[PDB]
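One-based numbering, in listed order, for ligands and for the atoms of each. What you see below is based on every heavy atom in this structure, not just the backbone, and it leaves out hydrogens, waters and symmetry mates. Lettering of chains follows the sequences in order, A, B, ..., and the numbering in each one begins at 1.
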Number of protein chains: 4
Amino acid sequence: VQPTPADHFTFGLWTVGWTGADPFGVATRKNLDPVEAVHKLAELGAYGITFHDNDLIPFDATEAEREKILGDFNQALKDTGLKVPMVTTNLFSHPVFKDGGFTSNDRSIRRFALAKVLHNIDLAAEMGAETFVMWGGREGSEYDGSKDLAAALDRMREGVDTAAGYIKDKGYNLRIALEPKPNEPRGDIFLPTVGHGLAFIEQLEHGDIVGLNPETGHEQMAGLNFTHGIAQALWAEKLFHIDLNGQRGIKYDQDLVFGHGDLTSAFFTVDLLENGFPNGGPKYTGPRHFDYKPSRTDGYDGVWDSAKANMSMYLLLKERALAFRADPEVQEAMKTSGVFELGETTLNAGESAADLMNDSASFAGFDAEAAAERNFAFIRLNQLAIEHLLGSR
Amino acid sequence: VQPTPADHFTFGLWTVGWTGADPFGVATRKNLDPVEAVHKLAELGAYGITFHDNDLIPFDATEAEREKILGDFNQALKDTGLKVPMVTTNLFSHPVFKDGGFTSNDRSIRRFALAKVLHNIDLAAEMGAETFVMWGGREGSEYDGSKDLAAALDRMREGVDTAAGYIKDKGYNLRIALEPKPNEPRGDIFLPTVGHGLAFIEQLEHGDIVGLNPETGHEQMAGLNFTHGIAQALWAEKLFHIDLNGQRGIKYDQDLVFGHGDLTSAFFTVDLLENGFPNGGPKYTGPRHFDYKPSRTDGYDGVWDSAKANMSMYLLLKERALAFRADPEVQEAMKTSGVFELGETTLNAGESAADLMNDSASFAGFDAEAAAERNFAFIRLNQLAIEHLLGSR
Amino acid sequence: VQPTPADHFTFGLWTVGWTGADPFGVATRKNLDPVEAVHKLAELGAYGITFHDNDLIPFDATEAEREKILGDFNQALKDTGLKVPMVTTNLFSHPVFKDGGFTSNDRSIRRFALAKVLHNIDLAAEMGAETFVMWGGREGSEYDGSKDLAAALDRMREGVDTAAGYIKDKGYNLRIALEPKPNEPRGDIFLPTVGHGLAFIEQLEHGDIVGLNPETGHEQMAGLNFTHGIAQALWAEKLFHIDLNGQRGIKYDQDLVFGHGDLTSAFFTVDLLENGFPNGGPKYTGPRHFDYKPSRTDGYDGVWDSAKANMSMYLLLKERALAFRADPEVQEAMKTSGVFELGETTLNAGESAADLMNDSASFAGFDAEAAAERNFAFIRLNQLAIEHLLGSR
Amino acid sequence: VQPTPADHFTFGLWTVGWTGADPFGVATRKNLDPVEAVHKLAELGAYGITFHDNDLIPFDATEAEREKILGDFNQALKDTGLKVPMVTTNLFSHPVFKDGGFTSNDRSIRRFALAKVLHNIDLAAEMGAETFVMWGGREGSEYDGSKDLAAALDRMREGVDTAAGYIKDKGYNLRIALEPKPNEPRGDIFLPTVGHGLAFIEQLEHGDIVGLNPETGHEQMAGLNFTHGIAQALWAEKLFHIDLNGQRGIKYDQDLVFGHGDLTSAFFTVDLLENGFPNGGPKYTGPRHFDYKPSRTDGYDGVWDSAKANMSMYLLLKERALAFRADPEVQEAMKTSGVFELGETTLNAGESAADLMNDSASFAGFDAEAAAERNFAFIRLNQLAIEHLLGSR
Ligand SMILES: OC[C@@H](O)[C@H](O)[C@@H](O)CO
Ligand SMILES: OC[C@@H](O)[C@H](O)[C@@H](O)CO
Ligand SMILES: OC[C@@H](O)[C@H](O)[C@@H](O)CO
Ligand SMILES: OC[C@@H](O)[C@H](O)[C@@H](O)CO
Ligand SMILES: [Mg+2]
Ligand SMILES: [Mg+2]
Ligand SMILES: [Mg+2]
Ligand SMILES: [Mg+2]
């Protein structure tokens, strides 16, 4: 498996660029020049690169420097042909954002945070980004009395709707994608899972251009099924972007290589992204973005091995998932378990609630004890998937 | 603290009625007659009782028996004055529902499950229930390939919309409340948290009469902040009912007495139910339903002590939460931390996105380093709440 | 992959015999005759069968009944050739054990529980069992004030030393294996993890014949690394038995087929059982016992498929783990990463503490920043392992 | 509540000195001069101060610099009267320790790490410290194949026995306290929980002067009962020290003020430290050390308020726990529930195994169903405890 730009594999500048400082220690690697990053990613088969405003342009940088940095950055995009599909803003690193960007208790920080996002939408448009991600990493609290919970959501809505209306007013060809996270760095983050993110978007004025940017590790920190989560995002037509990585359990966010976390769940994620639904339905056609961090124990060879590893892992899984669905033993097992049977409507065309109630065969003369004898054979179906995954079928 | 019917404290028949069979052993207590239950609850100060169809009427019961059981049941309501504010259906105990009610892979079980719900709406209306709860406990899977995830949600929508349209057609004065649960008994349940529940309702045809029925322990099984969750349900105008209990961690669902789980979070839950939001906003005015189970180690004295305990716990907490908010030291601490400041809009009346961007004072001439020096004093604010909670202020 | 008795696959009678009742519902399968489990398991390739005293002999069995039942089970054993490597006691199902057996608060119950175990040692001995498992499932509490925690451990020790003393006294060739579990059925169980099990054994008078029976799902319920836990048990030479199953996260104990949980972790448990430690050390050599439950969704074909799936899962992993370590590329990766270098003593032959602090090369003139440049390439090594696991290598 | 040095409240220099940097952002506070921490903590009521070698003396300090810094810190100690009960080593911040100190894969690094500890023992000894803490934060792995798990424990043992041997050899009055932690900064840390810590100590040559330093948040990160864990450490007489803080769930280690986490659990830890075991047993008598971090949202008033909050939280809990056990109603509840009955041996004075199995009253004619009728009334006892905790009693 060798990735090619047609695979649509994008990487964030901060991923490979992650130097190793964790809470208990300092960087273990030297800074990675962004132009070096572009050249190396492009040679590995990457289609595009994403970044946070401050990943490329320092917070203090003068206008001269911004322009200098951008010019070299754009040259490298040109030299290689790497695209920039998604742009995001850093509203969490600087001490000013310690209580949040949009939901900062301080009004002057909320205005600063929002102006930072508005300027960043202009650079996104300029770069050719199709998606603008918003990860509200410091929106939340450690203590329950720190915030007025309704005001926190009024304030989150106000910023997202202001950013959304601004895209609409300039006619930028951009969608906003919100990224849910249960905790870390805040004790409790607002919009903690895919569900809260999706619900939130239905209360927005400009909801039509606001979707989600779910991350594997993030849902797994709440012990949720990532494939069930993305399935619901997809079903709602809100799966706008995706961040792929690995996590081994409910603990700090590990940010491992995709596939180095929960392997079986990674296989079913690849099956949904690549194959979609068994009865047919929506499909996710966007970039396959890897949002991970190369372990601080490894040197730069490990950084480039790690980036290669995301792509191979995904291609190995895809192959196994195409073999699995194409298998006639599997398709027949699927039939036995009712996968296709779930696809038929419960009610007959034209039947009503009154009709169903009063139909003796569906209720009053229904043999519940006979219907309960059905062997759904979910275990055997699950064993077929694992054997395809182990490359044994 | 002595509860009175004005406190609006409701109990499920299955709570006090829980005999003690867990996965590792059999009942430790004798069945509790429902008429005994009504009389005992009413003498403890309860306002109402709730039930699942099969809690009162056996699955096999003939029509004669149903009528016999209902007549005695209604007599007891009359004798005591206990109301029946919520009714629910058991779509999880019988072997026929082993793959689910509405999302059963088998079509004949989906029709049986839905007819069961439609008949149960009629009894709910007849009883005077204002809420019809739906806990899809067996909707989900253990294995990711068991279900077509999009079809599972089409099928859940079809049943909830069929039940919703039926209420509308008969003009019953009832709302449907969905109850999210991450897992148990299924490995992964569909609509696992408040967020997924709320999101789901926005895709329904009859969404206007569908809200939620969040449960303390259920959100805590995903390690979520219950007060943040209910705050978002409230903010959306979807907090239709509430199930209160305790849970100590991510583990099986314990169903302890409210307040015997995460005590500090219980205090902030009571503050939101009773006091609402600091800047003002929505309020939950429904019943305070306790959905717990008296520990299998205790005999019937423990059952009635446990039921008393829910009410006292809630009243103790309420008292402490009224003292806390009424305290001028607390109100001034609140002011210092920006609780009221979060209530002001980010943008000035009439200001636009373009206006804000270009306002030098909010961005280009904004001193980020000076604004980051602010002592939010969240720790001291949190210490004030705990001291009010410990009954020391 | 086809298991043969040489593989040592053992199954508990309660595993394939699990009926399907859980907290929210009744049994979905009819009881399994023990004769039939024996014959069936002999046909699939099982080496042995294990049981709890009440799996086989009812609580209330008369003497004549006990004899018939053992006559029937000994006949099956003789006819099939299956062995009985482990026997355990049910100190959790009867309502008498609602607060524990050995650590029950009631003294009369502690005495009955120990008497129930003593009698079971005799039976274990008559079956030709090598291991006697102790899973104290009801030993614990829901509430912190329910127990005197120092008295609970003296009571546990009393119990286990009385049982060990008796073994020695009767001259039985039986070792006791204690099975840790963090929670369920109690809120908190005593001796919650492998480490707590090992620690307790060292306070025992007859600790020489007492070791552990760690189970996969149990350790994963506290979020621990099951392979790290059994390596510590192995290292102290206390790994007497093992229970293999799958667990998908911190939640109720799922009891899935081995490998249907955390796959990579399963892969690495199989490497440690098959290959042992990279630098040499003790090796586990007892039964590979499966303590799982066929999902309640599945009918009896599912039951024998699930039994089979355990043994295939193990044989596919074993095939991969042996290929993994035989690969020259992997052996090279391991060396690079320092896996063999970890096996060399830190100190030199006859080097004292004073000698090493004195040595200037080791400390005072040690170049900490050049040593920190080593690329351990742990990511690459992990990628190699996963490629072997996926059968792409 | 006003703490006095008689209370034994000790604080680490790194606690109040924590600057605010985390994974997603930079420091929000300026460095704290150690002289100032000493004076400030003496003014709040602290009994002592603890530190890591590099909290005080920079990694790269010259000899002259080291002397100045110790002269400055000894002067502060002399001026304030504060003691130095514990000293620890930083084997996690330098990039050299990226794979561990003691269990690093690189042998040159293991040697430097142990040399770094030996030198620190001398310093500990010169400060008049009673305890030497060992927190192996970088000992572990992200990936299962990175380590030889039997070799990692031999390397750990080597390290800890070399340090213990040296203590004995120099005649220092110092005990080693090992501090378990399940994860963070590594994916999986070696000796993850109190039980694993205790187990390992028993494989040590010089285990007599090696015990534990359990921390509240660490045990809660695996979801364990912190009070049950320290009771097992106490029971084996291995509770040498303790680190108190708060943790709200299975997630990153939060380091909140003691009591700002799980309150009820905190209540019950304070009862065990203050009141000991209901039936008598060992009692903990060392420092009550706070290893927490003032939230990064708070400025320096917040820092001294947080230091204060730890000691008030402890004194409010202590006040409640002493009142709790003094209450005649509580003493009665405890007796009813069998808390004292658990403290009676199961067997009679000189009763053998054979004697008890023989006794017909204990087994053969034991009435299991009448014994099962006991109401343990654990719920009522829990309600009494929580009412004492809320100061309503
Ligand atoms: O937890 C970190 C988040 O994953 C970010 O990397 C977003 O994807 C971009 O701000
Ligand atoms: O987990 C069980 C659920 O809480 C139910 O009790 C619903 O509230 C009613 O079906
Ligand atoms: O959690 C259930 C346990 O795994 C038991 O089956 C033991 O293995 C033997 O009682
Ligand atoms: O997880 C961090 C630890 O608690 C440390 O502060 C130790 O207590 C000493 O290194
Ligand atoms: Mg991301
Ligand atoms: Mg409920
Ligand atoms: Mg087991
Ligand atoms: Mg600590």
Inset, instruction - Apply side-chain hydrogen bond (donor to acceptor under 3.5 Å, both in side chains) to D/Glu215 and D/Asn245, showing your working. - result: CA-CA 7 Å; D/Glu215 167 175 309; D/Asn245 52 20; 2.7 Å; yes
Inset, instruction - Check the angle between the aromatic planes of D/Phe92 and D/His52 and answer parallel, tilted or perpendicular using the 30° and 60° thresholds. - result: perpendicular
Inset, instruction - Would you name the N/O/S atom of C/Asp291 that lies closest to the Mg ion (ligand 7)? - result: OD2
Inset, instruction - Take the angle between the ring planes of C/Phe290 and C/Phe11 and call it parallel below 30°, perpendicular above 60°, tilted in between. - result: tilted
Inset, instruction - Provide the atom name of the closest N, O or S atom of C/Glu179 relative to the Mg ion (ligand 7). - result: OE2
Legend entry - Smallest separation among heavy atoms of C/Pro185 and C/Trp135, with atom names: CD-CH2, 3.8 Å
Inset, instruction - From the options D/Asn310, D/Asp291, D/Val257, D/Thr216, select the one residue that forms a side-chain contact (heavy atoms from CB on, under 4.5 Å) with D/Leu244. - result: D/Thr216
Inset, instruction - Kindly indicate, with the supporting measurements, whether the criterion side-chain hydrogen bond (donor to acceptor under 3.5 Å, both in side chains) is fulfilled by D/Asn120 and D/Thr89. - result: CA-CA 7 Å; D/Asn120 206 46; D/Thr89 326; 2.9 Å; yes
Legend entry - Geometry at the Mg ion (ligand 7) - C/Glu215 OE1 versus C/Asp243 OD2 angle, rounded to 10 degrees: 100°
Legend entry - Option from C/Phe258, C/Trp14, C/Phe240 for which ring pair (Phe, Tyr, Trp, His ring centres under 6.0 Å) with C/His289 holds: C/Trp14
Legend entry - Residues in the immediate environment of ligand 4 (any heavy atom closer than 4.0 angstrom): A/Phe24, D/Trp14, D/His52, D/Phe92, D/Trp135, D/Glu179, D/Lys181, D/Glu215, D/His218, D/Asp243, D/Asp253, D/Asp291
